[PDB]
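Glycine gets a Cβ as well: all are built from the backbone with ideal geometry, and neighbour counts include every protein chain shown. Basis: the model, the stated rules and, where named, an outside source; nothing here is a laboratory result.
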Amino acid sequence: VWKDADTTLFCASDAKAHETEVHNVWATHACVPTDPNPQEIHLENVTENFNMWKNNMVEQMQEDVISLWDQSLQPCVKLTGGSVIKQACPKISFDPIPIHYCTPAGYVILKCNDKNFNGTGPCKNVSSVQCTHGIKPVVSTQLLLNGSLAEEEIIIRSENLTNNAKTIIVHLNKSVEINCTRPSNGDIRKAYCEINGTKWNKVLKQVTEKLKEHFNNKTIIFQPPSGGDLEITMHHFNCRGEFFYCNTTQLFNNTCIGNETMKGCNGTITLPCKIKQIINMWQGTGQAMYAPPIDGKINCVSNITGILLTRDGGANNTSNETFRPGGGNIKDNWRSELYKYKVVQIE
Amino acid sequence: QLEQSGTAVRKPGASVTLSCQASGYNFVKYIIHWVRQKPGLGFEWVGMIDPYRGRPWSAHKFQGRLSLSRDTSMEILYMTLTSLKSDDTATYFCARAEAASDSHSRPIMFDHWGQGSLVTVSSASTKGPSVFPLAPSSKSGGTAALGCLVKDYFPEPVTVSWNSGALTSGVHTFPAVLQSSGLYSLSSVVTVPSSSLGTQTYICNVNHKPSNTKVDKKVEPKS
Amino acid sequence: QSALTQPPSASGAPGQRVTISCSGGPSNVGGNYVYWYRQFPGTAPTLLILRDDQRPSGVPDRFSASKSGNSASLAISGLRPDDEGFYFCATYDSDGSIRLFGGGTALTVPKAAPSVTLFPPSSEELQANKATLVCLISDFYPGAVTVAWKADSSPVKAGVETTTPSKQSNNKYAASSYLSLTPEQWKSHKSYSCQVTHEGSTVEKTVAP
Ligand SMILES: *[C@@H]1O[C@H](CO)[C@@H](O)[C@H](O)[C@H]1NC(C)=O
Ligand SMILES: *[C@@H]1O[C@H](CO)[C@@H](O)[C@H](O)[C@H]1NC(C)=O
Ligand SMILES: *[C@@H]1O[C@H](CO)[C@@H](O)[C@H](O)[C@H]1NC(C)=O
Ligand SMILES: *[C@@H]1O[C@H](CO)[C@@H](O)[C@H](O)[C@H]1NC(C)=O
Ligand SMILES: *[C@@H]1O[C@H](CO)[C@@H](O)[C@H](O)[C@H]1NC(C)=O
Ligand SMILES: *[C@@H]1O[C@H](CO)[C@@H](O)[C@H](O)[C@H]1NC(C)=O
């Protein structure tokens, strides 16, 4: 028996020690080997309440990755508060491995196994576990990548539906490929990502159809970011240490939906992207400059599994609700995976 | 902790720039809603500016017109608006909230507020003054008054002094009425006794900034 | 969504008990709660009632809040004088969308009088081929008057502009009245009255060479 509690978790992995890839070495040193036979017993006709927005596991992962980033990814240059930072800025080996987070004595992890669970509230089908599933510390903005899927419907999650200031996390029931490339051998920073327009607009068509059910069959509207930094306004990410900022403007093509056999909205989509070495860390910690790019063939391929969203304010339109891409932050990246979990203290 | 500040007047049609400097911690986790005031009335949400990131929001109603801005490091802000209008004279404000997102208190509300950022929007340009000397009714009532005729100036405001400020008895820097065509008519008077005269004459005192026009025009009762 | 609807408040008296609501188009639970505000010169407009918290640090007890219905009720048992100021409701509107505000209300609150003063156009202004009249308004209470220019024994129908009272230092009020004249008309019509009415026992000094 238990009571809701927060406590400090630990991590586990099959990280490889010879890999200099940082996740391998790190997890090799900061996390442990797996339990080969973990037990899980279901409790009959029990309902439990959840709150996906407060699980220090999030705080622990964010803190950890931040501490790492602060101590691992020294840029050639950092501009922070009142200090000025200079250095050599070397190349790395980079490739995330799965991380499991596991609980100690006197606490346990509760899991909502309700296939249609929204992340807070009662879960009818609940299980208990010793350790989590493997979570990629996928750093992204706008879009959550390579995450776990809802086993049934696409799931919408949010702290306050009425509050447009509250980020909306979209949980996919179908992965979407994005294929990003700087081809071998002139703009040395120019790259592009190709995505299948059809898969996306189809699922999305379905999401809209679905959204109306929640928005009184009201008009569903996408709008471009009102404005802001590329770091917050674009899907920003890292491939082998190189920094991408990709413009998602082309994606909210309203005219591209209605099953109307149409042009413009078609074929394999090749989106142009560009790289910046110098950024303001969203940690609010300052500015960073990294060294220049490798010679040769550059490629990062990703599966899309989630989305962060911001809503336009301006009630009384009474027909429409307006939305703009961009939602909260990476804590949401960890959150999107955690809606069904909470740590409890055993009593 | 919380100082708003801006200048008063510019012409309509154009664009503008607005600050509100505060504490760093208040910049840590608090978005700041800009609101505005009207002559003697209750507030207006214009949008929100997050402390973080700089993810901006304000109503869609400016989609081609709007931009939002800030400073994380310098603990300071900027706002900018298009389409100014001659009728647009009033004070603006900035407000915070812990927002079920700060502390474990978890409240949403406009905690502290701006000193106000004044506005005075006139299509008219800076203006050379029309000053005139108010012949007091030289004249029981052994005590009379004179003052000055503050006419036809632009923009705000007017300074008044007497005996170089040394005079204050019955002295009163009277209200401006920025009259229809746009000329404020401000006033000031000062009361005098039956006993002081023959030597005791009197002046109103001004300096008009965009013209650097420093006026002291002698007020006399008529020949 | 949601709207708002407020009467101005209030010509009260330095102590009596008052109860004022901040009622919105949501005539249901809304406004579910509100922040009522002070709002002063050079000052931060200063909030009074929190919801999801009481009154913060540096705040005293005499302000309680209670509602039912849309029937909100910002209540004072013990009125106070520097309540001679302005107070406004603040909206949650379900933490949006969107957040509205109230009509504002002020309580500073049948007998005259001012010391009235009238004066004619300066020569120099007539040397400027212009002429400016001044019917000043001063040393009365309340700052609530009804201005009346007149043709000595007949109406005046124009050339005139009434202010918002811009009070004196003495907390008795101040205002200024002015009449529009052609120099031709300044001395085409023999006399111009300016009866600023303060509690209808209105005396005037006029000008007529
Ligand atoms: C969810 O419900 C099904 C049907 O009762 C059950 O077989 C399954 O074990 C439940 N999930 C968990 C994790 O217990
Ligand atoms: C993905 O989610 C949407 C949302 O309801 C649903 O319509 C769609 O069928 C799902 N995809 C698949 C392959 O079932
Ligand atoms: C991704 O793009 C590369 C070229 O940039 C291409 O060779 C590859 O086939 C693409 N991905 C898939 C799944 O085809
Ligand atoms: C939106 O869809 C129409 C219809 O295909 C297309 O012509 C237009 O270019 C699209 N807008 C974009 C891609 O920004
Ligand atoms: C996208 O996927 C659909 C799914 O069947 C396929 O028919 C289409 O050819 C794909 N388009 C591309 C890869 O451009
Ligand atoms: C997603 O997974 C693929 C496969 O390992 C990897 O190439 C890509 O970099 C990953 N990206 C993110 C953002 O998860």
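Here C:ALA3 meets the list (1) surrounded by 12 or more Cβ atoms within 10 Å (Cβ to Cβ); (2) within 28 Å of B:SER103 (Cα to Cα); (3) of a type outside the set (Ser, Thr, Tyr) almost entirely, failing just condition (2).
Select from segment A:298-347 the residues that are closer than 30 Å to C:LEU4 by Cβ and aliphatic (A, V, I, L, M) and write down the one among them that is surrounded by the most Cβ atoms within 10 Å (Cβ to Cβ). Before you say what the answer is, go through the steps one by one.
Filtering segment A:298-347 down to residues closer than 30 Å to C:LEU4 by Cβ leaves A:309-324.
Remaining after also requiring aliphatic (A, V, I, L, M): A:309, A:315.
Details: A:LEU309: 21, A:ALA315: 18.
Checking each candidate, the answer is A:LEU309.
Residues in segment A:251-280 that are under 16 Å from A:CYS193 (Cβ atoms) and touching a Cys at 6+ places or on another chain (Cβ under 9 Å): A:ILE269, A:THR270, A:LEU271, A:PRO272, A:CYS273, A:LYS274.
Annotation: C:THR46 fulfils all but one of (1) at positive phi; (2) at the interface with another protein chain (Cβ under 10 Å from one of its Cβ atoms); (3) of a type in the set (S, T, N, Q); the unmet one is (1). Of the residues making up segment B:179-202, those that are within 11 Å of chain C (Cβ to nearest Cβ), in a strand (DSSP E or B) and aliphatic (A, V, I, L, M) number 1.
Conditions tested, residue by residue: (1) at positive phi; (2) surrounded by 14 or more Cβ atoms within 10 Å (Cβ to Cβ); (3) over 21 Å from the mean Cα position of the chain (by Cα); (4) within 16 Å of ligand 4 (Cβ to nearest atom).
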| site | (1), (2), (3), (4) |
| --- | --- |
| A:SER175 | no, yes, no, no |
| A:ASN179 | no, yes, no, no |
| A:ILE188 | no, no, yes, no |
| A:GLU194 | no, yes, no, yes |
| A:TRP200 | no, yes, no, yes |
| A:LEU204 | no, yes, no, yes |
| A:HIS214 | no, no, yes, no |
| A:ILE220 | no, yes, yes, yes |
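The set of residues in segment B:203-223 that are farther than 30 Å from B:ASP87 by Cα and outside any strand (DSSP E or B) comprises B:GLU220, B:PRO221, B:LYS222, B:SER223. Candidates are the residues of segment B:113-146 that are in contact with a helix residue (DSSP H, G or I) (Cβ under 6 Å, 6 or more places away or on another chain) and buried (at least 17 other Cβ atoms within 10 Å of the Cβ); the one that is farthest from B:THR80 (Cα to Cα) is B:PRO133.
The residues of segment B:1-30 that are part of a loop (DSSP other than H, G, I, E, B), under 22 Å from the mean Cα position of the chain (by Cα) and within 14 Å of chain C (Cβ to nearest Cβ) amount to a single one, B:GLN1.
Taking the stated definitions as given, is C:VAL196 β-branched (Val, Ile, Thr) and either closer than 21 Å to C:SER122 by Cβ or not assigned by CATH to the domain that holds C:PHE119 (or both)? Steps first, please.
Numbers: β-branched (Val, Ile, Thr): yes; either closer than 21 Å to C:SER122 by Cβ or not assigned by CATH to the domain that holds C:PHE119 (or both): no.
In short, no.
Within segment A:217-245, the set of residues being closer than 17 Å to A:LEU73 by Cβ and within 9 Å of chain B (Cβ to nearest Cβ) comprises just one member, A:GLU231. Screening C:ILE20 against (1) in contact with a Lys or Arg (Cβ under 6 Å, 6 or more places away or on another chain); (2) more than 10 Å from chain B (Cβ to nearest Cβ) leaves a single unmet condition, (1). Evaluated against (1) out of contact with any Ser or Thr (no Cβ under 6 Å at 6 or more places or on another chain); (2) under 19 Å from B:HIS208 (Cβ atoms); (3) within 11 Å of chain C (Cβ to nearest Cβ), B:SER125 falls short on exactly one condition, (3). Checking each residue in segment A:278-337 for being within 14 Å of chain C (Cβ to nearest Cβ) and among the acidic types (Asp, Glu) picks out A:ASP312, A:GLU321. For segment B:87-122, a residue qualifies if it is at the interface with chain C (Cβ under 10 Å from one of its Cβ atoms) and of a type in the set (D, E, K, R), and the qualifying residues are B:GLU98, B:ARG106, B:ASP111. When each of C:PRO81, C:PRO110 is tested for being part of a loop (DSSP other than H, G, I, E, B), out of contact with any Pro (no Cβ under 8 Å at 6 or more places or on another chain) and over 30 Å from A:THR162 (Cα atoms), the lone residue that passes is C:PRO110. Checked against (1) within 11 Å of chain C (Cβ to nearest Cβ); (2) surrounded by fewer than 21 Cβ atoms within 10 Å (Cβ to Cβ), B:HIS33 passes all but a single condition, namely (2).
In segment B:194-223, the residues that are within 19 Å of B:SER161 (Cα to Cα) reach residues that are of a type in the set (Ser, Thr, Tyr) and part of a strand (DSSP E or B) with C-beta atoms within less than 9 angstrom, at least six apart or across chains, in these pairs: B:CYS204/B:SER187; B:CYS204/B:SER188; B:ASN205/B:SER188; B:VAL206/B:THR213; B:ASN207/B:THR213; B:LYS218/B:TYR202; B:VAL219/B:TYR202; B:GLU220/B:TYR202.
Counting only strands (runs of 3 or more DSSP E) wholly contained in segment A:162-255, no element carries 1 or more residues that are in contact with a strand residue (DSSP E or B) (Cβ under 8 Å, 6 or more places away or on another chain) and within 16 Å of ligand 1 (Cβ to nearest atom).
Would you please name the residue that is surrounded by the most Cβ atoms within 10 Å (Cβ to Cβ), looking only at residues in segment B:64-110 that are among the acidic types (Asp, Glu) and touching a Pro at 6+ places or on another chain (Cβ under 8 Å)? Show your work before the answer.
Quick first cut of segment B:64-110, residues among the acidic types (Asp, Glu) only: B:71, B:75, B:87-88, B:98, B:102.
Going one step further and asking which of them are touching a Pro at 6+ places or on another chain (Cβ under 8 Å), we end up with B:88, B:98.
Numbers: B:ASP88: 16, B:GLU98: 18.
The qualifying residue surrounded by the most Cβ atoms within 10 Å (Cβ to Cβ) is B:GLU98.
Annotation: of all residues in segment A:2-32 being in a helix (DSSP H, G or I) and more than 22 Å from the chain's Cα centre (by Cα), the one that is nearest to A:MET52 (Cα to Cα) is A:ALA30. Is it the case that some residue within segment C:138-145 is within 14 Å of chain B (Cβ to nearest Cβ), of a type outside the set (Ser, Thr, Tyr), more than 27 Å from the chain's Cα centre (by Cα) and in a loop (DSSP other than H, G, I, E, B)? Among the residues of segment C:138-145, not one is within 14 Å of chain B (Cβ to nearest Cβ), of a type outside the set (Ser, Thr, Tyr), more than 27 Å from the chain's Cα centre (by Cα) and in a loop (DSSP other than H, G, I, E, B), which makes the answer no.
Does B:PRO51 satisfy being assigned to a loop (DSSP other than H, G, I, E, B), touching a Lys or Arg at 6+ places or on another chain (Cβ under 7 Å) and surrounded by fewer than 17 Cβ atoms within 10 Å (Cβ to Cβ)? So that I can check it myself, show each step before the final result.
On the way: assigned to a loop (DSSP other than H, G, I, E, B): yes; touching a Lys or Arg at 6+ places or on another chain (Cβ under 7 Å): yes; surrounded by fewer than 17 Cβ atoms within 10 Å (Cβ to Cβ): no.
Spelling it out, it is not the case that B:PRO51 is assigned to a loop (DSSP other than H, G, I, E, B), touching a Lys or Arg at 6+ places or on another chain (Cβ under 7 Å) and surrounded by fewer than 17 Cβ atoms within 10 Å (Cβ to Cβ).
Identify all residues within segment B:129-157 that are within 13 Å of chain C (Cβ to nearest Cβ) and assigned to a loop (DSSP other than H, G, I, E, B); write none if there are none. Of everything in segment B:129-157, those that are within 13 Å of chain C (Cβ to nearest Cβ) and assigned to a loop (DSSP other than H, G, I, E, B) turn out to be B:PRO129, B:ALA135, B:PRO136, B:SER137, B:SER138, B:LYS139, B:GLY141, B:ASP152, B:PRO157.
Residues that are assigned to a strand (DSSP E or B), more than 19 Å from A:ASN51 (Cα to Cα) and within 16 Å of ligand 5 (Cβ to nearest atom) do not occur anywhere in segment A:136-149.
In segment A:243-277, of all residues being away from ligand 4 (no atom under 16 Å from the Cβ) and within 18 Å of the chain's Cα centre (by Cα), the one that is nearest to A:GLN206 (Cα to Cα) corresponds to A:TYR245.
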